[PDB]
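Note sheet for the following structure.
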Amino acid sequence: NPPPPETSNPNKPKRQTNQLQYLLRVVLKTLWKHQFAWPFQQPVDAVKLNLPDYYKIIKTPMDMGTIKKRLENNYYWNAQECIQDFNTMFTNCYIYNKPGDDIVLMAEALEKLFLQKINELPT
Ligand SMILES: Cc1cncc(-c2cnc(N[C@@H]3C[C@H]4CC[C@H](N4)[C@H]3CCC3CCC(F)(F)CC3)c3[nH]c(=O)c(C)cc23)c1
């Protein structure tokens, strides 16, 4: 396994915005507690789950645990950085797996919910 993505940098500028608060308090919260969330709550442990090629295929890993930490630590300046990380998580699943796979259908359901919440992103 690689080390997890960076989640904290004290030398980055910090700002609180309505969009970033919403992403943490509404979007991430809602996806976290979704019935199909558990495979996406932490980095893929390719050693433990016997997926030796996962990090040969996925060079930009992302998970909701990392996203939570990034939001909490004010790692993102722009809301789009956070939205991009969610999208990377979904696309990684689509990349590593095949169309119509069970995990892909779970990711598709989370993505659908994500887009419903993003629709209500504050201005
Ligand atoms: C509980 C959990 C935690 N962390 C990660 C995973 C996880 C497992 N397997 C993945 N892929 C595999 C690759 C091949 C082989 C079998 C099948 N095709 C596929 C299994 C999918 C199921 C595994 C058990 C389950 F309960 F989680 C439901 C899905 C994974 N692929 C991924 O892309 C991610 C993000 C996790 C993952 C699961």
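Every chain in the structure tokens has a letter given in the order shown (A, B, ...), and although residue numbers restart at 1 in each chain, ligands are simply numbered from 1 in the order shown.
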
- Message: Which residues are near residue 120 (chain A)? Cut-off 12 Å, only C-alpha atoms, ignore same chain within fewer than 3 positions. Put them as a PyMOL selection string.
- Response: chain A and resi 18-19+22-23+26-27+113-117+123

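Pocket residues of ligand 1, taken as those with any atom at most 8 Å away using only C-alpha atoms and all ligand atoms, are residues 38, 39, 40, 41, 42, 43, 44, 45, 46, 49, 51, 63, 89, 92, 93, 94, 96, 97, 101, 102, 103, 104 and 106 of chain A.
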
May I have the residues from that selection written out with N, CA, C and O atoms, as a short mmCIF file (atom, residue, chain, number, x, y, z; two decimals), in the first residue's frame?
```
data_model
loop_
_atom_site.label_atom_id
_atom_site.label_comp_id
_atom_site.auth_asym_id
_atom_site.auth_seq_id
_atom_site.Cartn_x
_atom_site.Cartn_y
_atom_site.Cartn_z
N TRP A 38 -19.59 1.76 3.18
CA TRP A 38 -18.41 1.23 3.88
C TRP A 38 -17.18 0.92 3.01
O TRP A 38 -16.06 1.12 3.47
N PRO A 39 -17.35 0.46 1.75
CA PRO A 39 -16.12 0.26 0.95
C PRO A 39 -15.38 1.55 0.57
O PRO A 39 -14.24 1.49 0.11
N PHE A 40 -16.02 2.70 0.76
CA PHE A 40 -15.49 3.99 0.37
C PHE A 40 -15.10 4.88 1.55
O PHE A 40 -14.71 6.03 1.36
N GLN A 41 -15.18 4.35 2.78
CA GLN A 41 -14.93 5.14 3.99
C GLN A 41 -13.45 5.27 4.36
O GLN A 41 -13.10 6.05 5.24
N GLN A 42 -12.59 4.50 3.71
CA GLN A 42 -11.17 4.50 4.03
C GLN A 42 -10.40 4.12 2.78
O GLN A 42 -10.98 3.61 1.83
N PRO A 43 -9.09 4.39 2.77
CA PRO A 43 -8.29 3.94 1.65
C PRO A 43 -8.45 2.44 1.40
O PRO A 43 -8.58 1.67 2.36
N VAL A 44 -8.45 2.05 0.13
CA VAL A 44 -8.47 0.63 -0.23
C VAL A 44 -7.20 -0.05 0.30
O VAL A 44 -6.08 0.33 -0.07
N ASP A 45 -7.37 -1.03 1.19
CA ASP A 45 -6.24 -1.82 1.69
C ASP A 45 -6.05 -3.00 0.75
O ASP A 45 -6.61 -4.08 0.96
N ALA A 46 -5.24 -2.77 -0.28
CA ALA A 46 -5.02 -3.75 -1.34
C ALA A 46 -4.27 -5.00 -0.87
O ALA A 46 -4.44 -6.07 -1.45
N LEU A 49 -7.08 -6.95 1.43
CA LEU A 49 -8.22 -7.43 0.64
C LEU A 49 -7.80 -8.20 -0.60
O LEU A 49 -8.63 -8.53 -1.44
N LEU A 51 -5.87 -7.45 -3.35
CA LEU A 51 -6.03 -6.74 -4.61
C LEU A 51 -4.65 -6.22 -5.05
O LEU A 51 -4.42 -5.01 -5.09
N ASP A 63 -10.77 8.52 -0.98
CA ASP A 63 -11.83 7.88 -0.20
C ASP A 63 -12.49 8.93 0.68
O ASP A 63 -11.96 10.01 0.86
N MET A 89 -13.04 9.66 -6.44
CA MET A 89 -13.43 8.44 -5.73
C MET A 89 -14.37 7.59 -6.59
O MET A 89 -14.15 6.39 -6.75
N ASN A 92 -12.52 6.30 -9.81
CA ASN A 92 -11.60 5.21 -9.50
C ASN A 92 -12.31 3.87 -9.45
O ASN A 92 -11.78 2.87 -9.91
N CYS A 93 -13.49 3.86 -8.85
CA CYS A 93 -14.29 2.66 -8.74
C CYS A 93 -14.71 2.17 -10.14
O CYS A 93 -14.59 0.99 -10.45
N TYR A 94 -15.13 3.10 -10.99
CA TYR A 94 -15.52 2.76 -12.36
C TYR A 94 -14.32 2.25 -13.18
O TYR A 94 -14.46 1.37 -14.05
N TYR A 96 -11.40 0.77 -11.90
CA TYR A 96 -10.83 -0.48 -11.43
C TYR A 96 -11.75 -1.66 -11.69
O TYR A 96 -11.29 -2.80 -11.88
N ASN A 97 -13.05 -1.39 -11.70
CA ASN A 97 -14.06 -2.43 -11.85
C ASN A 97 -14.69 -2.35 -13.24
O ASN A 97 -14.27 -1.54 -14.06
N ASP A 101 -20.78 -4.14 -12.49
CA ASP A 101 -20.32 -4.82 -11.27
C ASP A 101 -21.07 -4.29 -10.06
O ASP A 101 -21.52 -3.14 -10.06
N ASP A 102 -21.20 -5.12 -9.03
CA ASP A 102 -21.93 -4.72 -7.82
C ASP A 102 -21.37 -3.46 -7.16
O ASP A 102 -22.13 -2.55 -6.83
N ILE A 103 -20.05 -3.41 -6.97
CA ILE A 103 -19.42 -2.23 -6.35
C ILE A 103 -19.63 -0.98 -7.20
O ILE A 103 -19.78 0.11 -6.67
N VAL A 104 -19.67 -1.15 -8.52
CA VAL A 104 -19.95 -0.05 -9.44
C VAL A 104 -21.37 0.48 -9.27
O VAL A 104 -21.60 1.69 -9.27
N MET A 106 -23.08 0.28 -6.52
CA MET A 106 -23.06 0.96 -5.22
C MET A 106 -22.49 2.38 -5.36
O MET A 106 -23.04 3.34 -4.83
#
```

- Message: Among region 1-116 of chain A, which residues does DSSP mark as alpha helix (DSSP H) when it is run on the backbone? Keep the chain and numbering as in the structure and answer as a PyMOL selection string.
- Response: chain A and resi 18-22+29-32+54-57+64-72+79-96+102-116

- Task: Name all residues at most 9 Å from residue 78 (chain A) (count only C-alpha atoms; drop same-chain ones fewer than 3 positions away) and give them as an MDAnalysis selection string.
- Result: chainID A and resid 17 19:20 81:82

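CA of residue 6 (chain A) sits 17.5 Å away from CA of residue 24 (chain A).
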
- Item | Residue among A:66, A:60, A:9, A:16 lying closest to residue 88 (chain A), counting only C-alpha atoms | A:60

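Between CA of residue 14 (chain A) and CA of residue 74 (chain A) the interatomic distance comes to 5.8 Å.
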